[PDB]
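S.K.:
2 protein chains.
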Amino acid sequence: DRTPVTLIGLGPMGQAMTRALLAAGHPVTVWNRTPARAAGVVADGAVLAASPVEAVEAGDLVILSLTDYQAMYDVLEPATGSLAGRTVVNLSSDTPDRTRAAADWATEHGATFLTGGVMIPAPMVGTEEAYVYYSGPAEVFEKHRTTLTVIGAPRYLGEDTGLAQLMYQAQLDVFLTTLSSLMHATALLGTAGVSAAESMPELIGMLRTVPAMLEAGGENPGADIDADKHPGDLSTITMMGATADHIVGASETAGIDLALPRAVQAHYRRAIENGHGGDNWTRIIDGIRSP
Amino acid sequence: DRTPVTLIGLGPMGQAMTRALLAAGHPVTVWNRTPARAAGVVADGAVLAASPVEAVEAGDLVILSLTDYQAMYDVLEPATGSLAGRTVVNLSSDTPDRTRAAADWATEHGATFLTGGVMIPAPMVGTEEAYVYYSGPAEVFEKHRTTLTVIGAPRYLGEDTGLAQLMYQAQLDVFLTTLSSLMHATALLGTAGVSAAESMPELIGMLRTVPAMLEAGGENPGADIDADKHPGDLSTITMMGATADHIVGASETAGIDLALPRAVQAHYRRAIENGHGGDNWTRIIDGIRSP
Ligand SMILES: NC(=O)c1ccc[n+]([C@@H]2O[C@H](COP(=O)([O-])OP(=O)(O)OC[C@H]3O[C@@H](n4cnc5c(N)ncnc54)[C@H](OP(=O)(O)O)[C@@H]3O)[C@@H](O)[C@H]2O)c1
Ligand SMILES: NC(=O)c1ccc[n+]([C@@H]2O[C@H](COP(=O)([O-])OP(=O)(O)OC[C@H]3O[C@@H](n4cnc5c(N)ncnc54)[C@H](OP(=O)(O)O)[C@@H]3O)[C@@H](O)[C@H]2O)c1
Ligand SMILES: COc1cccc2c1CCC(=O)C2
Ligand SMILES: COc1cccc2c1CCC(=O)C2
């Protein structure tokens with residue numbers, strides 16, 4: 005395929021995605037707030053447009069890899085007159101509702117809009133491990149599918165432009181919270197003079213087992229949550245809530261951040277106050293859904 | 005080995021541990037606040053002691069599998085006169101300083117004390133996947149190591165009775181916080197009518213890759229944290245903090261718990277306020293260590 009592409013935003017992700025698209029035989033025209041940053045991808049065959057307008061006018065497909073959606077408006081507002089007849093593919097983090105309004109902004113300027121959420125770090129872009137969530141108009145996705153697939157295995161979720169964003173934010177909810185918990189635990193262990201080089205392999209070793217620890221003895225958390233079925237015979241909210249209390253207590257004594265473990269503690273407390281101490285830990289979702 | 009064992013506390017863990025010890029040829033005498041709960045392990049060859057005193061006097065080794073350390077005091081207070089010359093192995097969650105004081109309480113009553121933290125759910129007890137952290141007097145550990153290994157591969161951390169507890173609390177810090185994040189994300193996706201049966205495999209599928217997504221592009225977090233090395237070339241705190249902001253925003257709009265994502269958000273905010281927006285995410289540990 006030789007569809008000409010425009011890519012705006014040359015952080016690590018933009019640079020890797022440009023390279024992937026070049027390697028697959030696409031002309032790529034790039035633009036960046038900091039043009040010096042384009043030197044690498046220019047050496048690989050990208051063309052540096054001088055202006056956002058020139059960049060947009062060089063592609064059927066305009067991909068954004070920016071910190072947030074405000075950046076999309078910042079860069080494209082001077083170029084709105086050149087959007088008509090093109091597809092904007094925004095591969096940036098923001099809220100679902102910002103995303104939906106941006107889709108409408110695109111339409112108003114005569115363009116189509118696809119939402120994407122890239123689910124791997126830069127070095128994995130364009131590899132068999134890469135995958136990207138997409139939502140928006142099916143015909144628009146299908147038109148550009150072969151081009152986009154170069155970045156990573158596409159997972160089209162449906163018509164709502166906000167849905168791929170919601171999925172990205174949910175994934176990153178788990179990812180960033182997990183990472184914070186690793187740093188929290190590493191700090192906790194640090195207060196007895198355990199180094200991060202010692203603690204992090206222990207912690208990561210445990211994290212590796214989590215899918216299997218969740219499956220043990222025939223538990224199947226998702227379908228169980230859907231059924232309002234939370235049997236506590238292998239672990240109760242009382243018992244795991246006690247541990248959340250112990251983590252808070254240990255954290256208080258350690259002089260470290262209390263907000264993360266207290267949020268977890270609060271999940272258990274709500275379930276107990278609502279009379280479900282005997283239930284499995286999945287019951288915490290009720291109080292999370294309705295605070 | 006046929007060392008006689010006493011095990012107090014017959015939740016799922018106590019029952020599984022009793023079974024494992026029986027299968028390895030140990031006499032096990034059990035006691036429980038709710039004796040009816042012992043029926044299963046009695047059918048498998050355990051002897052139900054009538055009283056805590058009788059239970060303690062039947063074993064060289066007294067294992068506790070109780071919700072917290074207060075329970076240990078509740079059950080053993082009437083039996084304190086029978087502790088002398090025995091080893092108490094507490095496999096219960098509590099704070100490190102509660103644990104240390106408990107060790108001294110044991111010594112005062114003429115017993116030795118070992119701290120243990122069991123790192124797998126009940127169905128994995130006694131399997132090749134099982135492991136348990138231990139701390140306390142090395143000679144006491146070495147004496148009972150043969151018996152204890154039946155429950156799971158022992159990981160002795162040193163002399164401080166509080167250290168295996170600190171490690172358990174740190175592990176459960178990661179585990180419970182991760183679980184809370186899964187339910188948080190599942191709730192978030194629920195607000196667009198995505199079922200938990202759909203969302204949880206996606207989220208778990210991402211979590212599966214975390215031990216490897218952190219290694220992409222040659223990152224080695226632990227040693228790097230020890231070296232105060234936080235290069236931001238593949239991901240910055242500014243960019244990941246923006247995503248934390250987006251999760252909070254999405255969560256606010258979704259009507260779900262804000263405390264968990266705001267805790268994570270605050271980790272990023274502190275790093276930026278302290279002038280490290282350009283750094284890798286690991287830098288959040290500084291603000292966690294010193295709130
Ligand atoms: N890094 C990852 O591992 C990863 C993984 C998947 C998804 N993502 C997402 O991918 C996107 C790109 O992230 P990244 O890590 O590659 O880079 P980043 O640090 O977010 O920077 C991306 C680009 O945004 C530009 N930018 C930011 N604010 C701007 C504004 N107001 N006006 C114009 N340009 C602006 C930067 O300009 P300058 O070059 O001039 O600074 C840069 O070119 C983000 O939305 C991120 O959440 C990242
Ligand atoms: N479940 C897991 O997957 C898991 C994995 C690793 C570690 N752990 C840890 O292992 C320990 C046991 O957990 P579990 O899930 O098997 O059981 P649990 O729900 O914590 O109950 C364990 C035992 O504690 C007893 N108990 C609680 N408070 C008591 C008190 N004040 N006086 C006397 N007995 C008291 C219960 O008595 P009754 O039988 O009369 O109610 C029961 O026998 C906990 O510390 C937990 O954190 C659990
Ligand atoms: C979806 O993957 C990411 C999103 C935001 C930041 C990061 C990633 C993956 C790799 C990493 O550690 C940094
Ligand atoms: C150390 O493993 C646990 C501690 C407390 C609760 C649970 C576990 C692991 C298995 C599970 O789903 C529930």
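Same order as they appear, the protein sequences are chains B and A.
Residue numbers for the first sequence follow the entry's author numbering, beginning at 5 and rising by one.
Residue numbers for the second sequence follow the entry's author numbering, beginning at 5 and rising by one.
Note that the Cβ used here is the ideal one computed from N, Cα and C, for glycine as well.
May I ask you to check if the CB of A:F179 is nearer than 7 angstroms to at least one heavy atom of ligand 4?
M.R.: Here residue 179 of chain A is taken as the residue at index 175 of the second sequence, counted from 1. Yes, ligand 4 has a heavy atom inside 7 angstroms of this Cβ.
S.K.: Taking DSSP as the reference, what is the three-state secondary structure of B:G121?
M.R.: Residue mapping note: residue 121 of chain B aligns to position 117 of the first sequence, counting from 1. The answer is strand: DSSP assigns B:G121 an E or B state.
S.K.: Quick one: measure Cβ to Cβ for A:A47 and A:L14, integer angstroms, because I've assumed they're closer than 8 angstroms.
M.R.: Within the second sequence, numbered from 1, the residue matching residue 47 of chain A stands at position 43. Within the second sequence, numbered from 1, the residue matching residue 14 of chain A stands at position 10. Wrong, their Cβ atoms sit about 13 angstroms apart, outside the cutoff.
S.K.: Starting from the N-terminal side, write out each stretch of the alpha helix (DSSP H) that is 4 residues or longer and does not extend beyond the stretch 19–85 of chain A.
M.R.: If we require 4 residues or more, the alpha helix (DSSP H) runs fully inside the stretch 19–85 of chain A come out as 43–47, 56–61 and 73–80.
S.K.: Under 7 angstroms from any heavy atom of ligand 1, does the C-beta of B:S97 make it?
M.R.: Position 93 of the first sequence, counting from 1, holds the residue named residue 97 of chain B. For ligand 1, at least one heavy atom lies less than 7 angstroms from the Cβ of B:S97.
S.K.: Following the continuous alpha helix (DSSP H) through A:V214, name the residue where it begins and the one where it ends.
M.R.: The sequence position of residue 214 of chain A within the second sequence is 210, counting from 1. Note, A:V214: alpha helix (DSSP H), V214 to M217.
S.K.: Using a Cβ-Cβ distance under 8 angstroms, would A:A126 count as near chain B?
M.R.: On the second sequence, position 122 is the one that residue 126 of chain A refers to. Cβ-Cβ to chain B under 8 angstroms: yes for A:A126.
S.K.: Report whether the distance from the Cβ of A:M171 to the nearest heavy atom of ligand 4 is below 7 angstroms.
M.R.: As a working mapping, residue 171 of chain A is identified with position 167 in the second sequence. No; taking the cut-off as 7 angstroms, the Cβ of A:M171 has no heavy atom of ligand 4 nearer than that.
S.K.: Keeping to the same chain, check which residues put their C-beta closer than 8 angstroms to that of B:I288; ignore five residues upstream and five downstream.
M.R.: As a first step, residue 288 of chain B must be located in the first sequence, where it is residue number 284. Excluding positions up to five away in sequence, the list reads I241, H271, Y272, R274 and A275.
S.K.: Identify each residue in the stretch 259–282 of chain B for which the Cβ-Cβ distance to at least one residue of chain A is less than 8 angstroms, and report them in chain order.
M.R.: So the list reads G259, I260, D261, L262, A263, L264, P265, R266, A267, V268, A270 and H271, given in the order they occur along the chain.
S.K.: Give the interface partners of A:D230 over in chain B, defined as CB-CB distance under 8 angstroms, in chain order.
M.R.: What you label residue 230 of chain A is simply residue 226 of the second sequence in a count that begins at 1. Chain B residues near A:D230: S199, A200 and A201.
S.K.: In three-state DSSP terms, what is B:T99?
M.R.: Along the first sequence, one-based indexing puts residue 99 of chain B at 95. The answer is coil: DSSP assigns B:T99 none of H, G, I, E or B.
S.K.: Consult DSSP for B:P265 and reduce its assignment to one of helix, strand or coil.
M.R.: Position 261 of the first sequence holds residue 265 of chain B. Here B:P265 sits in helix by DSSP.
S.K.: Listed in chain order, which residues of the stretch 207–222 of chain B have Cβ atoms closer than 8 angstroms to some Cβ of chain A?
M.R.: For the stretch 207–222 of chain B, which is checked against every Cβ of chain A, the residues closer than 8 angstroms are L207, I208, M210, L211, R212, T213, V214, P215, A216, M217, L218, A220 and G221.
S.K.: For B:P56 and B:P82, what's the separation of their Cα atoms in angstroms?
M.R.: Taking the first residue of the first sequence as position 1, residue 56 of chain B is located at position 52. Taking the first residue of the first sequence as position 1, residue 82 of chain B is located at position 78. Each residue's Cα considered, the two are about 8 angstroms apart.
S.K.: Taking a Cβ distance cut-off of 9 angstroms, strictly less, list which residues of the stretch 19–50 of chain A are near chain B, in chain order.
M.R.: Per Cβ criterion, the list is empty.
S.K.: Do the CB positions of B:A174 and B:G156 come within less than 8 angstroms of each other?
M.R.: The residue you call residue 174 of chain B lines up with position 170 of the first sequence. The residue you call residue 156 of chain B lines up with position 152 of the first sequence. Their beta carbons are not under 8 angstroms apart, which means B:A174 does not touch B:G156 by this criterion.
S.K.: For A:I241, which three-state DSSP category applies?
M.R.: In the second sequence, residue 241 of chain A corresponds to position 237, counting from 1. Of the three classes helix, strand and coil, the one that applies to A:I241 here is helix, per DSSP.
S.K.: If you count every other CB in all the chains shown that lies within 10 Å of the CB of B:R102, and 16 or more means buried, which is it?
M.R.: Here residue 102 of chain B is taken as the residue at index 98 of the first sequence, counted from 1. Under this definition B:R102 is a buried residue.
S.K.: Would you kindly work out how many angstroms separate the C-alpha atoms of B:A267 and A:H188, rounded to a whole number?
M.R.: Here residue 267 of chain B refers to the residue found at position 263 of the first sequence. Here residue 188 of chain A refers to the residue found at position 184 of the second sequence. Cα-Cα distance, rounded: 11 angstroms.
S.K.: Three-state secondary structure (DSSP) at A:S199?
M.R.: Position 195 of the second sequence holds residue 199 of chain A. Coil.
S.K.: With a threshold of 8 angstroms between beta-carbons, can residue 1 of chain A be considered close to chain B, or not?
M.R.: The structure shown does not extend to residue 1 of chain A, since chain A spans only 5 to 295, so no value can be given for it.
S.K.: Cβ of B:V79 versus every heavy atom of ligand 5: is any distance shorter than 7 angstroms?
M.R.: Because ligand 5 does not appear in the structure shown, any question about it cannot be addressed here, the ligands present being ligand 1, ligand 2, ligand 3 and ligand 4.
S.K.: Using CA atoms only, rank isn't needed, just tell me which of A:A126, A:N94, A:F179 and A:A105 is closest to A:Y138.
M.R.: Here residue 138 of chain A refers to the residue found at position 134 of the second sequence. Answer by Cα proximity: A:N94.
S.K.: Using only alpha-carbon positions, find the residue among A:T131, A:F117 and A:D108 that is nearest to A:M21.
M.R.: Reading the second sequence from its first residue, position 17 is the one you call residue 21 of chain A. With distances taken between Cα atoms, A:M21 lies closest to A:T131.
S.K.: Out of B:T190, B:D230, B:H250 and B:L70, which has the shortest C-alpha to C-alpha gap to A:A191?
M.R.: Locating residue 191 of chain A in the second sequence gives position 187, counting from the first residue. The shortest Cα separation from A:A191 among B:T190, B:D230, B:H250 and B:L70 belongs to B:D230.
S.K.: Answer with buried or exposed for A:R37, where buried requires no fewer than 16 other C-beta atoms within 10 angstroms of its C-beta.
M.R.: On the second sequence, position 33 is the one that residue 37 of chain A refers to. With fewer than 16 Cβ atoms within 10 Å of its Cβ, A:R37 is classed as exposed.
S.K.: Taking the straight line between their C-alpha atoms, what separation do you get for A:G89 and A:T10?
M.R.: For the purposes of this step, residue 89 of chain A is taken as residue 85 along the second sequence, with counting starting at 1. For the purposes of this step, residue 10 of chain A is taken as residue 6 along the second sequence, with counting starting at 1. Rounded to the nearest angstrom, the two C-alpha atoms are 14 angstroms apart.
S.K.: In terms of residue numbering, what span does the alpha helix (DSSP H) encompassing A:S185 cover?
M.R.: Start at 1 with the first residue of the second sequence, and residue 185 of chain A comes out as number 181. It spans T165 to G194 - the alpha helix (DSSP H) in which A:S185 sits, taken as one unbroken run.
S.K.: Listing by chain order, which chain A residues have their CB less than 7 angstroms from the CB of B:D177?
M.R.: As a working note, residue 177 of chain B is residue 173 in the first sequence. Ordered by position in chain A, the residues that pass the 7 angstroms Cβ test against B:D177 are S185, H188, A189, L192, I251 and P265.
S.K.: Apply the 10 Å Cβ neighbour rule to B:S294 and answer buried if 16 or more other Cβ atoms are within range, or exposed otherwise.
M.R.: As a working note, residue 294 of chain B is residue 290 in the first sequence. By the 10 Å Cβ count, B:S294 comes out exposed.
S.K.: Please list, in chain order, all residues of the same chain as B:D228 whose beta carbon is under 7 angstroms from its beta carbon, the five residues on each side excluded.
M.R.: Residue mapping note: residue 228 of chain B aligns to position 224 of the first sequence, counting from 1. Contacts found: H234 and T286.
S.K.: When the Cα of A:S69 is compared with those of A:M217, A:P125 and A:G162, which residue comes out closest?
M.R.: If you number the second sequence from 1, residue 69 of chain A lands on position 65. With distances taken between Cα atoms, A:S69 lies closest to A:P125.
S.K.: Measuring alpha carbon to alpha carbon, tell me which of B:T195, B:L183 and B:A201 ends up nearest A:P265.
M.R.: The residue you call residue 265 of chain A lines up with position 261 of the second sequence. Answer by Cα proximity: B:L183.
S.K.: Taking C-beta to C-beta, are A:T165 and A:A107 nearer than 8 angstroms?
M.R.: For the purposes of this step, residue 165 of chain A is taken as residue 161 along the second sequence, with counting starting at 1. For the purposes of this step, residue 107 of chain A is taken as residue 103 along the second sequence, with counting starting at 1. Yes, the pair counts as a contact, with Cβ atoms nearer than the cut-off.
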